[PDB]
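Encoded as structure tokens, the structure appears first; notes follow it.
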Amino acid sequence: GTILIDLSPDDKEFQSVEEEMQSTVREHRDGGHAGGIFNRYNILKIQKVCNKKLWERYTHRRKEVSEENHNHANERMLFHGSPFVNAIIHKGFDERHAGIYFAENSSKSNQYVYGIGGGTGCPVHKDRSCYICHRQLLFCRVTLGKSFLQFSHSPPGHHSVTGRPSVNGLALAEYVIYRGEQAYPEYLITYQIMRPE
Ligand SMILES: CNCc1ccc(-c2[nH]c3cc(F)cc4c3c2CCNC4=O)cc1
Ligand SMILES: [Zn+2]
């Protein structure tokens with residue numbers, strides 16, 4: 001079902017997606033332990049993810065949410081890092097793998113590409129701060145609907161949870177959904193973290 005369409009660096013769609021990647025990098029409280037030490041990425045490839053069934057599933061649910069929330073899907077574009085990115089682009093998101101988490105900060109999602117807290121890092125060097133091995137992240141279209149505000153299935157009468165960072169100073173929000181149909185994996189981004197100079 002799924003085809004991946006390569007986007008050219010000269011395409012405005014490539015450029016807008018890359019800019020969201022780069023401009024949402026932040027410093028983390030672990031000093032780079034989980035995701036590595038970097039201020040920007042080397043973008044190697046951006047692919048548009050096209051799948052008819054997963055898209056129709058996304059839009060059907062989006063309409064339901066919208067009608068339960070004064071015609072407002074509250075749709076966002078958010079990052080998702082996972083060792084299971086290949087399964088996600090072909091089979092879509094699945095809540096049973098308790099919710100499904102998404103980040104406004106690309107560098108937050110980058111912490112989860114090799115597993116929880118970075119796991120043991122890249123397969124070949126076992127380095128969580130590897131500047132060599134290629135990483136992959138999803139930039140996803142996400143339906144939040146009526147989102148339950150959390151100061152840091154979904155709560156009754158809500159479609160999602162918003163984790164508003166209270167303690168952290170420069171952190172952006174993180175979101176949780178409980179229905180896999182409320183997220184569509186729209187862009188597959190292949191990159192390296194870049195060593196600072
Ligand atoms: C549920 N098992 C523990 C657990 C493991 C990972 C995550 C988690 N929190 C996130 C916040 C965020 F902004 C983005 C992500 C995550 C994840 C893992 C899923 N991917 C994310 O990018 C949450 C809970
Ligand atoms: Zn490596």
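Residues are named by chain letter and number: chains run A, B, ... in the order of the structure tokens, numbers start at 1 in each chain, and ligands are numbered from 1 in the order shown.
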Shell of 7 Å around residue 24 of chain A, only C-alpha atoms, local chain residues under 4 positions omitted, as a PDB file with N, CA and C atoms, in the first residue's frame:
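Done, and the output landed in selection.pdb:
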```
ATOM      1  N   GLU A  20      11.384  22.927  10.081  1.00  0.00           N
ATOM      2  CA  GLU A  20      10.743  22.483  11.323  1.00  0.00           C
ATOM      3  C   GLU A  20      11.673  21.570  12.119  1.00  0.00           C
ATOM      4  N   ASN A 105       9.415  19.360  19.742  1.00  0.00           N
ATOM      5  CA  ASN A 105      10.864  19.410  19.570  1.00  0.00           C
ATOM      6  C   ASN A 105      11.345  18.169  18.824  1.00  0.00           C
ATOM      7  N   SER A 106      11.971  18.355  17.665  1.00  0.00           N
ATOM      8  CA  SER A 106      12.550  17.230  16.915  1.00  0.00           C
ATOM      9  C   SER A 106      13.583  16.488  17.759  1.00  0.00           C
TER      10      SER A 106
END
```
May I have the residues within 7 Å of residue 178 of chain A as a ChimeraX atom specification, using only C-alpha atoms and disregarding those fewer than 6 positions away in the same chain?
/A:95,99-100,153-154,160
Using the selection just defined, write its residues with C-alpha atoms as a compact mmCIF listing (two decimals), in the first residue's frame.
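Final file, out14.txt:
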```
# COMPACT_ATOMS: atom_id res chain seq x y z
CA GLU A 95 -2.13 1.89 20.22
CA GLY A 99 -0.66 5.98 24.56
CA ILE A 100 1.24 7.09 21.45
CA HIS A 153 -8.14 5.68 26.11
CA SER A 154 -7.79 9.41 26.87
CA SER A 160 -5.88 13.47 23.46
```
Neighbours of segment 56-73 of chain A within 6 Å (only C-alpha atoms; same-chain residues fewer than 6 positions away dropped), as a list in words?
residues 143, 145, 181 and 182 of chain A
Keeping only N, CA and C atoms, write those residues as an mmCIF file, in the first residue's frame.
```
data_model
loop_
_atom_site.group_PDB
_atom_site.id
_atom_site.type_symbol
_atom_site.label_atom_id
_atom_site.label_comp_id
_atom_site.auth_asym_id
_atom_site.auth_seq_id
_atom_site.Cartn_x
_atom_site.Cartn_y
_atom_site.Cartn_z
ATOM 1 N N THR A 143 -4.293 14.440 14.948
ATOM 2 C CA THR A 143 -5.567 15.000 15.410
ATOM 3 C C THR A 143 -5.631 14.972 16.934
ATOM 4 N N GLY A 145 -8.024 16.983 18.710
ATOM 5 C CA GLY A 145 -9.382 17.325 19.137
ATOM 6 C C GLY A 145 -9.379 18.136 20.422
ATOM 7 N N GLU A 181 -5.543 5.756 14.740
ATOM 8 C CA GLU A 181 -6.169 6.424 13.601
ATOM 9 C C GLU A 181 -6.097 7.950 13.679
ATOM 10 N N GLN A 182 -5.675 8.495 14.820
ATOM 11 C CA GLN A 182 -5.547 9.949 14.983
ATOM 12 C C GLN A 182 -4.167 10.504 14.596
#
```
So that I can check the surroundings of residue 75 of chain A, please list as a VMD selection string every protein, DNA and RNA residue that reaches within 7 Å of it, counting only C-alpha atoms and ignoring chain neighbours fewer than 3 positions away.
chain A and resid 141 to 144
Check every protein, DNA and RNA residue against ligand 1, keep those with an atom at most 12 Å away (counting only C-alpha atoms and all ligand atoms), and present them as a VMD selection string.
chain A and resid 24 34 to 35 78 to 85 88 93 95 to 119 136 to 140 152 161 to 165 171 to 178
Using only C-alpha atoms, the residue out of A:92, A:155, A:169, A:1 with shortest distance to residue 184 of chain A is A:92
12 Å shell around ligand 2 using only C-alpha atoms and all ligand atoms, listed as JSON, numbers by chain:
{"A": [36, 114, 120, 121, 122, 123, 124, 125, 126, 127, 128, 129, 130, 131, 132, 133, 134, 135, 192, 193]}
Suppose you want the space between atom CA of residue 50 of chain A and atom CA of residue 186 of chain A; what is it in Å?
7.4 Å
